[PDB]
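Same protein, same chain, two forms; see structure 1 and structure 2 below, as structure tokens.
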Structure 1
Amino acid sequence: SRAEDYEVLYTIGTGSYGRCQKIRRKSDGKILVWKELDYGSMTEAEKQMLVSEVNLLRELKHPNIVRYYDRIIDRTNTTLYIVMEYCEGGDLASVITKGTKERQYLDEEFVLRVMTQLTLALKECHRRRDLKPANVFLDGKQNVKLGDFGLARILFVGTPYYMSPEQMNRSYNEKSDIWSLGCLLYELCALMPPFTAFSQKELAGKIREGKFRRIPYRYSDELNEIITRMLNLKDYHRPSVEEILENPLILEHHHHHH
């Protein structure tokens, strides 16, 4: 694996420590992206846990998880490139901001696609990747892929909008993930998270109460019902992955297609 095997098309995003760039694989013209990380200032310990993290990326292979392709070490410029799938539709955060700014709600069909495909991504993770809009990506074929938010971080002030009731009291619980999914799907429909506040303490008060507005009336009672169940205060009242996928709303066409 050599950087020379690829040509950079342009930069998609830039963080404090590295960049994400759209690239083209020379051999066959495949369009991909890479994360460019300067590890020059890292300690041996930091570099070791970087290797271990990257190894985990190689472990997951699933149609609804952003696919890892390659890793390239350029020891000359002390840069590491992590090559992954290009998702032409971008991230969900951008989609929500767009709807919010342009005052246009998303189709129920699109929300069902996200629910179906992220629930399957979650199911694979649980077999053995934060559930947040900025970490969910869309390809050019109506597919939805869960990213590695560890990549965004490697490139406190934030309000933890999606924190579950049990998590703010200790997590380590698969049903906590269902709560976060509920928040995400809620925000996709409402163009705002179900619980808002200016501080974490205020937010926590609202979460504990467990009340929120119905998603907009353009969305079916069936869709509102399942999202509302995911936002139950009791983890054991939230539906499992299996129970979500059994919902009559979810059909073959909402799943991934090559």
Structure 2
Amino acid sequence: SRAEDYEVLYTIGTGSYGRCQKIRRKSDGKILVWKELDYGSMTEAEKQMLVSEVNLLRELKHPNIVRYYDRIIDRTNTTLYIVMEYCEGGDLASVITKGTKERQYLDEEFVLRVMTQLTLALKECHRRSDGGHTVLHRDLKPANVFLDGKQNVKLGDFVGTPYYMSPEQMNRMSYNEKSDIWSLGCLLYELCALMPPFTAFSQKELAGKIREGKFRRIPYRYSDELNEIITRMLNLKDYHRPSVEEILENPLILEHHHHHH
């Protein structure tokens, strides 16, 4: 309930909401992280915006969703502390970087686990169980996808260039569930090719490439089937993209893909 109940270990990275640090829970020694939100400049109706969102996401529970643990207010530091599961295996962006450095494509099996488990995660957001929510992730990219010790997927974190900008957002249309699917298509594509499906140096020529909807096949190392389903998420028409259910129906997706390395 208070900062005193936790001991900061060190500081990881600083993302959107603010700083993110690894921590030990005083009472039993569990390693975790939390995320700072300085609320010190917010109003009392800018705040009301945050608190409903924070509660919505707090109810989200899934083995491939980063687990919520605690919230903490600190008037002194005017900071809101959201405490969450620590993800030992880092993020997929590092995995992609590593593939690039080593010049080694990832196994189709590893891509199939990631696709399967992010799809289960998004399904719990989009549908799910019972349940009220309907949540869209709205920021699906490798830096927001973490791995545990057995490299299982944890979906987290609900001037640069927006490679994964969907065709809806780019044509003034509201972000919908199929926009999550486009983002997943970009991520899986980049996971295979070790580069995103549309590259460019200016945003206006990236927008142009995205509008035409054309890109390289993922490497030949990968099956026609995997290329097909990823390509399907990159349909320009959102109603031509698979839903999370259609994805999971794919013959490629098997039981062993749902858990551990």
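Rigid core: the largest C-alpha set superposing within 1.5 Å between the two forms. One-based numbering along structure 1's sequence throughout.
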message = To test your reading of the superposition: with the rigid core aligned, which of 37, 66, 231, 189 moves its Cα by 2 angstroms or more between the two structures?
response = 37
request  = Answer yes if the CA of residue 46 moves 2 Å or more between the two structures after aligning the rigid core, and no otherwise.
outcome  = yes
ask   = Any chance the CA of residue 244 moves 2 angstroms or more between the two structures, core superposed?
value = no
message = Once both forms sit on the same rigid core, is the C-alpha displacement of residue 110 at or above 2 Å between the two structures?
response = no
request  = Quick one: how many Å does the C-alpha of residue 199 shift between the two structures once the rigid core is superposed?
outcome  = 1.3
message = Relative to the superposed core, report the C-alpha shift of residue 95 between the two structures in angstrom.
response = 0.3
message = After superposing on the rigid core, how much does the Cα of residue 12 shift between the two structures, in Å?
response = 3.7
